[PDB]
>>> print(open('input33.csv').read())   # CSV, C-alpha atoms
chain,number,residue,atom,x,y,z
V,4,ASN,CA,0.0,0.0,0.0
V,5,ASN,CA,0.8,3.7,-0.3
V,6,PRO,CA,-1.4,5.1,2.5
V,7,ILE,CA,-1.8,8.7,3.6
V,8,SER,CA,1.2,9.9,5.6
V,9,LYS,CA,1.4,11.7,8.9
V,10,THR,CA,2.4,15.1,7.4
V,11,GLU,CA,-0.4,14.6,4.9
V,12,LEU,CA,-3.1,14.2,7.6
V,13,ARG,CA,-1.8,17.2,9.6
V,14,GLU,CA,-2.1,19.4,6.5
V,15,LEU,CA,-5.6,18.0,5.9
V,16,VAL,CA,-6.5,18.6,9.5
V,17,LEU,CA,-5.0,22.1,9.6
V,18,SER,CA,-6.7,23.0,6.3
V,19,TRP,CA,-10.0,22.0,7.9
V,20,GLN,CA,-10.5,19.3,5.3
V,21,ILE,CA,-12.0,17.6,8.2
V,22,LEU,CA,-14.5,15.3,6.5
V,23,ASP,CA,-11.7,13.9,4.2
V,24,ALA,CA,-9.5,13.1,7.2
V,25,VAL,CA,-12.6,11.7,9.0
V,26,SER,CA,-13.4,9.5,6.1
V,27,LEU,CA,-9.8,8.2,6.0
V,28,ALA,CA,-9.6,7.5,9.7
V,29,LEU,CA,-12.9,5.7,9.7
V,30,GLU,CA,-11.7,3.6,6.8
V,31,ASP,CA,-8.3,2.7,8.3
V,32,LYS,CA,-7.1,2.6,11.9
V,33,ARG,CA,-3.6,3.7,11.0
V,34,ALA,CA,-4.9,7.1,10.0
V,35,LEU,CA,-7.0,7.3,13.2
V,36,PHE,CA,-3.9,6.6,15.2
V,37,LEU,CA,-2.0,9.3,13.4
V,38,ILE,CA,-4.7,11.8,14.2
V,39,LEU,CA,-4.4,10.7,17.8
V,40,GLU,CA,-0.7,11.7,17.6
V,41,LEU,CA,-1.6,15.2,16.2
V,42,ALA,CA,-3.9,15.6,19.1
V,43,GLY,CA,-0.8,15.4,21.4
V,44,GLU,CA,1.5,17.7,19.5
V,45,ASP,CA,2.8,20.9,21.1
V,46,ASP,CA,1.2,23.3,18.6
V,47,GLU,CA,-2.2,24.6,19.8
V,48,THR,CA,-3.8,24.9,16.4
V,49,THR,CA,-2.8,21.3,15.6
V,50,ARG,CA,-4.3,20.0,18.8
V,51,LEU,CA,-7.5,22.0,18.4
V,52,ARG,CA,-8.1,20.9,14.8
V,53,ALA,CA,-7.1,17.3,15.6
V,54,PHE,CA,-9.7,17.2,18.4
V,55,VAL,CA,-12.3,18.5,16.0
V,56,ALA,CA,-11.5,15.7,13.6
V,57,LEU,CA,-11.5,13.2,16.5
V,58,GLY,CA,-15.0,14.4,17.5
V,59,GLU,CA,-16.3,14.0,14.0
V,60,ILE,CA,-14.7,10.5,13.8
V,61,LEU,CA,-15.9,9.3,17.2
V,62,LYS,CA,-19.5,10.6,16.8
V,63,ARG,CA,-19.6,8.4,13.7
V,64,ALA,CA,-17.7,5.4,15.2
V,65,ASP,CA,-19.3,2.2,16.4
V,66,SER,CA,-19.2,1.0,20.0
V,67,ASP,CA,-16.4,-1.5,19.3
V,68,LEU,CA,-14.0,1.1,17.7
V,69,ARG,CA,-14.7,3.5,20.6
V,70,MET,CA,-13.9,0.9,23.3
V,71,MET,CA,-10.6,0.3,21.6
V,72,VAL,CA,-9.6,3.9,21.3
V,73,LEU,CA,-10.8,4.3,25.0
V,74,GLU,CA,-8.7,1.4,26.3
V,75,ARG,CA,-5.5,2.4,24.4
V,76,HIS,CA,-5.6,6.2,24.2
V,77,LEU,CA,-7.8,7.7,27.0
V,78,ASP,CA,-4.7,9.6,28.1
V,79,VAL,CA,-4.6,11.6,24.8
V,80,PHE,CA,-7.9,13.1,25.8
V,81,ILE,CA,-7.2,13.3,29.5
V,82,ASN,CA,-3.9,15.1,29.1
V,83,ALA,CA,-5.5,17.8,26.9
V,84,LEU,CA,-8.0,18.7,29.6
V,85,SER,CA,-6.8,21.9,31.3
V,86,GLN,CA,-8.2,25.2,32.5
V,87,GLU,CA,-5.2,27.0,30.9
V,88,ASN,CA,-5.8,26.0,27.3
V,89,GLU,CA,-9.6,26.5,27.3
V,90,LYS,CA,-10.2,26.4,23.5
V,91,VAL,CA,-8.4,23.1,23.0
V,92,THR,CA,-10.1,21.8,26.2
V,93,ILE,CA,-13.6,22.4,24.8
V,94,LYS,CA,-12.8,20.4,21.6
V,95,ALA,CA,-11.2,17.6,23.7
V,96,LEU,CA,-14.2,17.5,25.9
V,97,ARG,CA,-16.6,17.2,23.0
V,98,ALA,CA,-14.5,14.4,21.5
V,99,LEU,CA,-14.3,12.7,24.9
V,100,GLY,CA,-18.1,12.8,25.2
V,101,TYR,CA,-18.6,10.9,22.0
V,102,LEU,CA,-15.9,8.4,22.9
V,103,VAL,CA,-17.2,7.3,26.3
V,104,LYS,CA,-20.9,7.2,25.3
V,105,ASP,CA,-22.4,3.9,26.5
V,106,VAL,CA,-18.9,2.5,27.2
V,107,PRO,CA,-18.7,0.9,30.7
V,108,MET,CA,-15.4,1.7,32.3
V,109,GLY,CA,-13.3,-0.2,34.8
V,110,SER,CA,-13.2,1.6,38.2
V,111,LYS,CA,-9.5,2.6,37.8
V,112,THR,CA,-9.9,4.5,34.5
V,113,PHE,CA,-13.4,5.7,35.5
V,114,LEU,CA,-12.0,7.4,38.6
V,115,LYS,CA,-9.0,8.9,36.7
V,116,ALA,CA,-11.3,10.4,34.0
V,117,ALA,CA,-13.9,11.6,36.5
V,118,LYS,CA,-11.4,13.3,38.8
V,119,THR,CA,-9.8,15.1,35.9
V,120,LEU,CA,-13.2,16.2,34.7
V,121,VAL,CA,-14.3,17.4,38.2
V,122,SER,CA,-11.0,19.4,38.4
V,123,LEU,CA,-12.2,21.6,35.5
V,124,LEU,CA,-15.2,22.8,37.4
V,125,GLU,CA,-12.8,25.1,39.2
V,126,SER,CA,-12.9,27.3,36.1
V,127,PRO,CA,-15.5,30.1,36.0
V,128,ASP,CA,-16.0,29.7,32.2
V,129,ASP,CA,-19.6,28.9,31.5
V,130,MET,CA,-18.8,26.9,28.3
V,131,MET,CA,-16.3,24.8,30.1
V,132,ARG,CA,-18.7,24.0,32.9
V,133,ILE,CA,-21.4,23.0,30.4
V,134,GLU,CA,-19.1,20.7,28.3
V,135,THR,CA,-17.5,19.2,31.5
V,136,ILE,CA,-20.9,18.3,33.0
V,137,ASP,CA,-21.9,17.0,29.6
V,138,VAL,CA,-19.0,14.5,29.6
V,139,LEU,CA,-19.7,13.6,33.2
V,140,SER,CA,-23.3,12.9,32.4
V,141,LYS,CA,-22.0,10.3,29.9
V,142,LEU,CA,-19.3,8.7,32.0
V,143,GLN,CA,-20.3,5.1,32.8
V,144,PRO,CA,-18.8,2.9,35.5
V,145,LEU,CA,-18.7,-0.8,34.8
V,146,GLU,CA,-19.3,-1.6,38.5
V,147,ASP,CA,-21.4,-0.2,41.4
V,148,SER,CA,-18.5,-1.2,43.7
V,149,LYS,CA,-17.7,0.3,47.0
V,150,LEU,CA,-14.9,2.2,45.4
V,151,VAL,CA,-17.1,3.8,42.8
V,152,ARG,CA,-19.9,4.6,45.2
V,153,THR,CA,-17.5,6.0,47.7
V,154,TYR,CA,-16.2,8.5,45.2
V,155,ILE,CA,-19.7,9.4,44.1
V,156,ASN,CA,-20.7,10.0,47.7
V,157,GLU,CA,-17.7,12.2,48.2
V,158,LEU,CA,-18.8,14.3,45.3
V,159,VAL,CA,-22.5,14.6,46.4
V,160,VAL,CA,-21.5,15.7,49.9
V,161,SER,CA,-19.4,18.6,48.5
V,162,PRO,CA,-20.7,22.0,49.4
V,163,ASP,CA,-19.7,23.2,45.9
V,164,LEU,CA,-22.8,23.2,43.7
V,165,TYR,CA,-21.4,21.8,40.4
V,166,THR,CA,-19.2,19.2,42.2
V,167,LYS,CA,-22.5,17.9,43.7
V,168,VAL,CA,-24.1,18.0,40.3
V,169,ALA,CA,-21.2,16.0,38.9
V,170,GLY,CA,-21.9,13.5,41.8
V,171,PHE,CA,-25.5,13.2,40.8
V,172,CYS,CA,-24.7,12.8,37.1
V,173,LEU,CA,-22.3,9.9,37.9
V,174,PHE,CA,-24.8,8.4,40.4
V,175,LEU,CA,-27.4,8.3,37.7
V,176,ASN,CA,-25.0,6.3,35.4
V,177,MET,CA,-23.9,4.1,38.2
V,178,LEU,CA,-27.5,2.9,38.7
V,179,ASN,CA,-27.1,1.2,35.2
V,180,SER,CA,-24.5,-1.1,36.8
V,181,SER,CA,-26.5,-1.8,40.0
V,182,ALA,CA,-28.2,-5.3,40.1
V,183,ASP,CA,-30.6,-4.7,43.0
V,184,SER,CA,-30.2,-1.4,44.8
V,185,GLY,CA,-31.1,2.2,44.2
V,186,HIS,CA,-28.6,3.2,46.9
V,187,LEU,CA,-31.0,6.0,48.0
V,188,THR,CA,-29.0,6.6,51.2
V,189,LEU,CA,-26.2,7.8,49.0
V,190,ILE,CA,-28.1,10.9,47.9
V,191,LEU,CA,-31.3,11.3,49.9
V,192,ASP,CA,-30.2,14.2,52.2
V,193,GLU,CA,-28.6,16.2,49.3
V,194,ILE,CA,-31.3,15.8,46.7
V,195,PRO,CA,-33.8,18.4,48.3
V,196,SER,CA,-31.2,21.0,47.6
V,197,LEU,CA,-31.2,20.2,43.8
V,198,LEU,CA,-35.0,19.9,43.7
V,199,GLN,CA,-35.2,23.4,45.3
V,200,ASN,CA,-32.6,24.9,42.9
V,201,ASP,CA,-33.4,27.8,40.6
V,202,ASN,CA,-31.6,26.2,37.6
V,203,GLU,CA,-33.7,23.9,35.5
V,204,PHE,CA,-30.9,21.5,34.5
V,205,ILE,CA,-30.3,20.8,38.1
V,206,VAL,CA,-34.0,20.2,39.0
V,207,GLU,CA,-34.5,17.9,36.1
V,208,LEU,CA,-31.3,16.0,37.0
V,209,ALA,CA,-32.6,15.4,40.5
V,210,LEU,CA,-36.0,14.2,39.1
V,211,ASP,CA,-34.1,11.8,36.8
V,212,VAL,CA,-32.2,10.4,39.7
V,213,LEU,CA,-35.3,9.9,41.8
V,214,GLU,CA,-37.1,8.1,38.9
V,215,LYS,CA,-34.2,5.7,38.4
V,216,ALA,CA,-33.4,5.1,42.0
V,217,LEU,CA,-37.0,4.4,43.0
V,218,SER,CA,-37.2,1.7,40.3
V,219,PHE,CA,-35.2,-0.6,42.7
V,220,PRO,CA,-36.7,-2.3,45.8
V,221,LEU,CA,-36.4,0.0,48.9
V,222,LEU,CA,-34.7,-2.0,51.7
V,223,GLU,CA,-34.0,1.0,53.9
V,224,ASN,CA,-36.6,2.9,56.0
V,225,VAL,CA,-36.4,6.4,54.5
V,226,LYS,CA,-40.1,7.1,54.9
V,227,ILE,CA,-39.5,10.4,56.7
V,228,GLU,CA,-37.0,11.4,54.1
V,229,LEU,CA,-39.2,10.5,51.1
V,230,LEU,CA,-42.2,12.3,52.6
V,231,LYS,CA,-40.2,15.5,52.8
V,232,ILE,CA,-39.0,14.9,49.3
V,233,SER,CA,-42.6,14.1,48.2
V,234,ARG,CA,-43.8,17.5,49.4
V,235,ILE,CA,-41.1,19.2,47.3
V,236,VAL,CA,-42.0,17.1,44.3
V,237,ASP,CA,-45.7,17.8,44.8
V,238,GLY,CA,-44.8,21.5,44.6
V,239,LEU,CA,-42.7,20.9,41.5
V,240,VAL,CA,-45.8,19.6,39.7
V,241,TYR,CA,-46.9,23.2,39.6
V,242,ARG,CA,-43.6,24.8,39.0
V,243,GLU,CA,-43.6,27.7,36.4
V,244,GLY,CA,-41.1,27.1,33.7
V,245,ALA,CA,-40.2,24.1,31.5
V,246,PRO,CA,-43.1,21.6,31.3
V,247,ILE,CA,-40.8,18.5,31.5
V,248,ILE,CA,-40.1,19.4,35.2
V,249,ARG,CA,-43.8,19.4,35.9
V,250,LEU,CA,-44.3,16.2,33.9
V,251,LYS,CA,-41.4,14.4,35.5
V,252,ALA,CA,-42.6,15.6,38.9
V,253,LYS,CA,-45.9,13.8,38.4
V,254,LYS,CA,-44.1,10.6,37.3
V,255,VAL,CA,-41.8,10.7,40.4
V,256,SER,CA,-44.8,11.6,42.6
V,257,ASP,CA,-46.6,8.4,41.3
V,258,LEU,CA,-43.3,6.5,41.8
V,259,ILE,CA,-42.9,7.6,45.4
V,260,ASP,CA,-46.6,6.7,46.1
V,261,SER,CA,-46.0,3.2,44.8
V,262,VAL,CA,-42.9,2.9,47.0
V,263,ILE,CA,-44.5,4.7,50.0
V,264,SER,CA,-48.0,3.2,49.7
>>> encode(input="input33.csv", output="structure tokens")
Amino acid sequence: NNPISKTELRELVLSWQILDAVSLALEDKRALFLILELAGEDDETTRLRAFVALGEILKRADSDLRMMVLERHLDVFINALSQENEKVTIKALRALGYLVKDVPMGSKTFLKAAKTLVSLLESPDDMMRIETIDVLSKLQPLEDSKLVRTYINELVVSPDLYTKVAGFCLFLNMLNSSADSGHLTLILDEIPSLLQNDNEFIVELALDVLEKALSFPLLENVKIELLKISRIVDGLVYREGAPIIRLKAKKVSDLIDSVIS
């Protein structure tokens, strides 16, 4: 063969001939690996454009290809996540979001990615916060082990709002890996704060967490806690704003009733 070269892909990427480079990397892993290299080069423009290409590739890539990139090259994405190079970080975040979508992660890499992501929440930049939370909302642990739960509990007890939101995002995903428990004790005392938040993304997140968590049998006596939560949710049924909150409040309210008959 006479395949496309490294220098050739960089020029393609820099020229914003993105779909060409995307087509080539999807057709042949060698080219994808070379774009991963560009994504680690010292030049900012190169890194930015390579992450753009990576995002367009990964949004198109099947689950098998993404697992492979994830197992071998997670560090390419992780190392480019920094508050100091914001523009590159945003593109890396977008590409990371497509990569990890529906890909269960061993607890070791899960924790390393999650911790790097949570670190970015120090930044005041609104776009960075949005993209960071978006990746966290997609980050899926393979296990509901004590390790994973302990980390998530640590986040949800944080007095910092978006650290707690991160916690709730991860908790939601962790319930996909739980066989029999909704681990309601993990979040019960912190969730009224999110339900009673002014921000609509945060309220909906809390409602989503309740809906999933209440689908599991309730082994703990948290009747007093769910009552107080039920009052808040009853209120939310009539909350001015987005209708989906009112709707999800009804569904959670019916859920709580079925659990707390």
>>> residues_around(input="input33.csv", residues="residue 24 of chain V", least_positions_apart="3", cutoff="10 Å", atoms="only C-alpha atoms", output="PyMOL selection string")
chain V and resi 7+11-16+19-21+27-30+34-35+38+53+56-57+59-60
>>> atom_distance(input="input33.csv", atom1="atom CA of residue 70 of chain V", atom2="atom CA of residue 181 of chain V")
21.1 Å
>>> closest_residue(input="input33.csv", among="V:262, V:190, V:126, V:135", to="residue 153 of chain V", atoms="all atoms listed in the file")
V:190
>>> residues_near_point(input="input33.csv", point="(-4.1, 8.2, 30.1)", cutoff="12 Å", atoms="only C-alpha atoms", output="NGL selection string")
:V and (43 or 72-84 or 111-116 or 119)
>>> closest_residue(input="input33.csv", among="V:103, V:41, V:151, V:142", to="residue 68 of chain V", atoms="all atoms listed in the file")
V:103
>>> atom_distance(input="input33.csv", atom1="atom CA of residue 165 of chain V", atom2="atom CA of residue 197 of chain V")
10.5 Å
>>> atom_distance(input="input33.csv", atom1="atom CA of residue 106 of chain V", atom2="atom CA of residue 206 of chain V")
26.1 Å
>>> closest_residue(input="input33.csv", among="V:89, V:44, V:105, V:192", to="residue 227 of chain V", atoms="all atoms listed in the file")
V:192
>>> residues_around(input="input33.csv", residues="residue 186 of chain V", least_positions_apart="5", cutoff="12 Å", atoms="all atoms listed in the file", output="list in words")
residues 147, 148, 149, 152, 153, 155, 156, 174, 175, 177, 178, 179, 180, 181, 191, 212, 213, 215, 216, 217, 218, 219, 220, 221, 222, 223 and 225 of chain V
>>> closest_residue(input="input33.csv", among="V:233, V:5, V:86, V:48", to="residue 17 of chain V", atoms="only C-alpha atoms")
V:48
>>> closest_residue(input="input33.csv", among="V:230, V:26, V:162, V:248", to="residue 198 of chain V", atoms="only C-alpha atoms")
V:248
>>> closest_residue(input="input33.csv", among="V:85, V:36, V:237, V:45", to="residue 71 of chain V", atoms="all atoms listed in the file")
V:36
